[PDB]
Each structure stands twice: as C-alpha cells, then as structure tokens.
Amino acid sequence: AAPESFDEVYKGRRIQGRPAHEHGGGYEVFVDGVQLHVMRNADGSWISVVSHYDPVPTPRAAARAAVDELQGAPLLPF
C-alpha cells in the first residue's frame, strides 16, 4: 500500500501528503498548497525534485527536506 496521508506545520509552512515532463507517482505532496514533485525508489525511500539525489525514508521526510531546502521560498508549480 501507499503511505498514509499527513498534514502538519513544519518550520512555519503547511506540508501535506496523500495517496493519489514528469512521472507517475501514486502519492502527492504539497508545500503551502503548491504541489511538490516526489518519487518513490524501489527500496521504499523517497526523493523530491528539490532533493533528487538524496533518499529519505518517507514522503513526509521528503516534504520536510524540501521546506529545509527552500529557506522560505515559495515553490513553483511543476
């Protein structure tokens, strides 16, 4: 099965995840309501387009890593 959904405020920003030029993805992540491209690796880990060489265990971890990367910057829709 896909991971569970999530919704929290992380470093002042709303991150959400939910099961569902770029790929499939059976999972969607948003940062302040803007979709963040994320992808699942064969081993179960996740990456996003702003950390695409750095596997993290879960989609929330990928959302949080994107907030850390963005340093307050609005995401652009993909």
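Heads up: residue numbers just count along the shown sequence, starting at 1.
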{"item": "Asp54 dropped in a third or more of the other entries", "value": "no"}
{"item": "Third-or-more of other entries without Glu22", "value": "yes"}
{"item": "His21 preceded by how many uncoordinated deposited residues after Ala20", "value": "4 to 9"}
{"item": "Entry-level comparison of average CA B-factors, 25-33 and 47-55, reporting the higher stretch", "value": "25-33"}
{"item": "Stretch with the greater mean C-alpha B-factor as recorded in the entry, comparing 9-17 against 56-64", "value": "9-17"}
